[PDB]
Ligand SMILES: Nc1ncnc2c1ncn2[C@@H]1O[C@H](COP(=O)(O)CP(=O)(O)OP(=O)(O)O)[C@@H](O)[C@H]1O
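A single chain, nothing else alongside it, follows as structure tokens in the form solved without the ligand.
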């Protein structure tokens, strides 16, 4: 069975949620379902990346980093896949996976996902991970324009797995309060988490009669894309995809053009693994706690239509979009594969202020925040052969990320960007530097005030 078609290579960059969906061209598109979510904190990615920036690695730091990272990441991915999970996105500090099933089956699936989580820690019993799990209703949002598509999962189950994540320490498996209350408590031994309603999993103690293999196989009954039969030994049914122009047209909208060129063998397969000077523009769009997903979707769509238009003007791209706690965030980048223009820093700032101005006027968006940082960041395809994504990793990525969170409502920039721009000082304001989660001495942080006082 020949399986190396372009459509198959494109599908490697996408979850089954997108590959095997069949939904309208309307944007935004929204769908609703139930499932179990898994968030694997891999940090040790942004910790290690800056070790490989040193001269000890003799200009092969990027190639060495992608190698060892994929070694560990791909092992996590294999575990997720063989347990029936769907890896939704990679984000440098973690991956998010989904077990979509009917509500009546969440109880049994939570057990599958807990066993999966425990075997993932088994792979690493320095290098360790933290796992959060949640279960309940999930909303999917698809937004984009006629040639680009993006997706997000939204809902309390998403926010639940967010908070379960941040409690875990190395080797921990934290269950969301709803996950704990929907799970098979007769089989899961838990313990308190101080003044948090989540719980930590200590042991999986099944009845004397219980055989997980038989249990798991019956659970696969409910998995609408688990490989079986002649394809029992495939990690993804997506590997069996055959040419289909209409489907490929839809799927390629989700993938960055430079990635498509590699998939088409018009670019060296190692061209995208690099430690590169870029400028990160991290945009955050905060909505109110009361907002429903049906209001958030149209707002993100309207925001995105402007963001992409400005990014193309100033020659930037969207690398990642996230959402948790009513904040939708766009990881934008300037200066990656063929986009290194001489005045990158000035354009990043003006693009940021432009995005800030417009999105601040979109209804239902209560606050816009943008952090800008410039420096060496790792760029590469991270994951497994069958499931991988282009991702940027580095401390300047994390700095832009916390800038937009710790300095809401304004456009902030780092000292590199400030000094390097061909703009005068009064366009800026030096800021009170704040204690920021796992961030070194930033250097001076600045607000991009603009060309006028008003």
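Positions refer to the first chain, counted from 1. The term rigid core refers to the most C-alpha atoms you can superpose between the two forms while keeping them within 1.5 Å.
Missing here is the form deposited with the ligand bound; even so, the following discussion is about that form.
- Message: Can you confirm whether 41, 45 and 322, the three residues that make up this candidate site, all sit within 4.5 Å of the ligand in the bound PDB entry, judged by heavy atoms?
- Response: Each of the three qualifies.
- Query: Hey, in the bound PDB entry, is residue 25 touching the ligand, heavy atoms inside 4.5 Å?
  - Reply: Flag for residue 25 set to no.
- Query: Any of the heavy atoms of residue 137 lying within 4.5 Å of the ligand in the bound PDB entry?
  - Reply: Contact with the ligand, no.
- Contact between residue 339 and the ligand in the bound PDB entry at 4.5 Å, heavy atoms? So residue 339 does not count as contacting the ligand.
- Query: Applying a 4.5 Å heavy atom distance criterion, does residue 93 contact the ligand in the bound PDB entry?
  - Reply: Answer yes; at least one heavy atom of residue 93 falls within 4.5 Å of the ligand in the bound PDB entry.
- Please name which of the stretches 294-302, 84-92, 102-110, 365-373 has residues with heavy atoms lying within 4.5 Å of the ligand in the bound PDB entry. In short, 84-92.
- Taking the ligand in the bound PDB entry as the reference, which of 331, 307, 278, 255 has a non-hydrogen atom within 4.5 Å? After the contact test, the surviving option is 331.
- Across 416-443, which residues bring a heavy atom to within 4.5 Å of the ligand in the bound PDB entry? The stretch 416-443, when checked against the ligand in the bound PDB entry, contributes 437, 438 at the 4.5 Å heavy-atom cut-off.
- Query: If you fit the two forms on their rigid core, which residue out of 326, 253, 261, 364 shows a CA shift of at least 2 Å between this form and the one not shown?
  - Reply: Single hit from the list, 326.
- Query: With both forms fit on the core, has residue 102 moved 2 Å or more by CA between this form and the one not shown?
  - Reply: Where the cores coincide, residue 102 shows only a C-alpha shift between this form and the one not shown that is less than 2 Å.
- Message: Core superposed first: is there a CA shift of 2 Å or greater at residue 354 between this form and the one not shown?
- Response: Shift of 2 Å or more: no.
- Core superposition between this form and the one not shown, C-alpha change of residue 294 at least 2 Å: Superposed on the core, residue 294 moves its C-alpha less than 2 Å between this form and the one not shown.
- Task: Mind checking the CA-CA distance of residue 291 and residue 155 in the bound PDB entry? It differs by 3 Å or more from this form, so is it closer or farther?
- Result: Closer together, by at least 3 Å.
- So the Cα-Cα distance between residue 291 and residue 362 shifts by 3 Å or more in the bound PDB entry; is it shorter or longer than what we see here? Relative to the displayed form, residue 291 and residue 362 move farther apart in the bound PDB entry - a change of at least 3 Å between their C-alphas.
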